[PDB]
Structures are given as structure tokens and as C-alpha cells.
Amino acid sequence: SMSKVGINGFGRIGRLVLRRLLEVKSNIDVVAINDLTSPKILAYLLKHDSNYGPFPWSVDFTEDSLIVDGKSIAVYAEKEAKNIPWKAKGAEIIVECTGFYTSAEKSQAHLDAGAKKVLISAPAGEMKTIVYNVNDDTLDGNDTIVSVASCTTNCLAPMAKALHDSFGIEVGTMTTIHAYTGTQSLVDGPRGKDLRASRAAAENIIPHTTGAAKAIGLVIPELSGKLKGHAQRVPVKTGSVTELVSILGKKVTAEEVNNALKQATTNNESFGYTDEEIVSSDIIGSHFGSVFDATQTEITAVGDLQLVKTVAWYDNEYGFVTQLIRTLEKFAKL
């Protein structure tokens, strides 16, 4: 199985990818990173993290590398992926974390530079799009470029899968109350063409699109076209919650829904359950893609018509990263 990884983009997701590989003592080794910033600044950002605290392992750097837990990781600085020297240290699978290569066509550049596979940390149009412990069995040995969808997709999918398997989802709409992220603005000022993205993120509730609305239908194809949604971005640094309002294929009670979800979470490393009265800071550093919260289930029933609201927490950074890593570990062995 492939054991050598390269990371393109050592931002929030890239840095956490490394952290989680080390934490689970993966046999995968990160051999190289591509990013335009100096090793000294990357080392600083690896070592000190506003959301997750001090890095658990030693961190140092040289002019062209980081040294992490005594191991050397090359730092390349190519603006175009086609130029990254992935062959130099034998980088086989690229975790593409920049946001600038979110298509098969764009990520082909890494294969052209000598890698064997690419795992894209975002939705990436019409390609295999995997939420681990939902549809990771769709992968096979011939796949070369795959997506792990988005954080919100990894929250929504397991919950949608459980409801669909138990009851049928006829139609549904989701809203994620979502921690602010780097695509937003610190102060009011231009942020590309999206007006709301221009607004001070830590001072506002901000409506925003969600990657789940396009990606969910690739993950659970029976639900393609049956689900829409969006986000409200709010001033918490990480930790998010997805609410899904569905019409189901049969009549249910709150207990029945909660039981079905509890069953779906049993011995499921990707999908957790809680009936504790938690809040978002309790999900920070979670090792699930999604934690269903039985305390927030609500059934609104008027005869033949019933609306079912189900709610799951997710750490949009580290939780989603644990999912990426599960998918990567499987992807490497194919």
C-alpha cells in the first residue's frame, strides 16, 4: 500500500492533516509540503494554534524543510502544481488543501508532476466524493482523483443516510450554524464577488452557501435533488451544528428517530451520538465527522404532514480532518 503523502497547501486543513496523522500513529508519512510561505512561518503556525493549542510534537525548520517529531518534511514553493517536485521524496498521494484545484482537470496537474493519486479536501464537481462510513465502499483501486466533500457534507451525510435507510427522506432542507472561516473577512471590505463574504465575520451572523448542497447528492445518490440548504456563519472560531428539516417516508416519533440514529452510531468511528446538553465548544477537537444530538430532535405533526428536525454537531476543522484521514488511509491501500 502507498505510504508517502504530499500536502499542497499548509493552511488550516493542511496543518491539521499532519497533526491527525501523528496522533493516530499512521503508517502514512508526510514527505513534503508545497506552500509559498517560508518554512520559518509555517513552523510558527504549526507550533502555535489558536484553536487546538501547542502542537504535541517537536517542530523546527531549515531553509527548505520542516522537522517534525525529528522527521524531515520538504517544503517546496511552487505557484503551479504542475511544477511541484513530488517525485523527489516519492510523494504518492497528494492531499490537495489549497482550494485552487477543485476539479479533476485542475488536480491532474499533481499526477503530471509525478504523484499517483490526489485526495481533494473540498467538493470538486463530478467525481467520486466520499464521506467515510457513508459511501467509502464506492472507492476501488483504479481511482486516482477523489474528493472528501466538505465539513458540512461530512456532518449531514451520516444523519441523512440513517434517516433515509430507516424511514426514507422524501425531501429536506438544512441550515448549518457554522463557525467563521478564512474565506470570510476580518473587517468589512471586498472579498471577491460575494457581498456577504465582505462583512466582518466575528461581528455578524452572515448567510452563506454550504458545499453540502452540491456535494450531498454525490454521496447518497438516492437523495440527489431532494435536499437543499445553506449556512449562517457566526462568531465562533470552530465548531458548528447542522439542522436538517425533512419530510420522511413514514410517520415517526422523536424516540423512534433517536433510536434509529443511536443504532447508526453504534461502533461507528465516524458518527457519534450524544444526549448530553452540549454546546459548540464541546465539539472542538472531536474525532467524529458528525455527532447526532438527540436532545434537539423535534417532530411537528399535523395529520398526514410531519416535519422532522434532526441536528448534528461537527468540528468543521478537526472533525472533518479525522474523516479526511480515514478516507486517505483507505485510499492509500487500494
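All residue numbers refer to positions in the sequence shown, first residue = 1.
Checked against the record, the higher mean CA B factor of 91-99 and 185-193 lies with 91-99. In this entry, 67-75 shows the higher mean Cα temperature factor of the pair 242-250 and 67-75. Taking the PDB entry at face value, the top CA B factor among 161, 208, 82, 199 belongs to 82. Comparing the listed residues 36, 308, 278, 294, the entry records the largest Cα B-factor for 36. Sort the chain's modelled residues by C-alpha temperature factor and residue 52 lands in the lowest third, per the entry. Residue-level temperature factors show residue 15 in the lowest third of its chain, judged at the C-alpha atom. In the PDB entry, a CA B factor belonging to the middle third of its chain's modelled residues is recorded for residue 265. The deposited CA B-factor of residue 226 belongs to the middle third of values across its chain. Ranked by Cα temperature factor within the chain, residue 141 sits in the highest third according to the deposited record.
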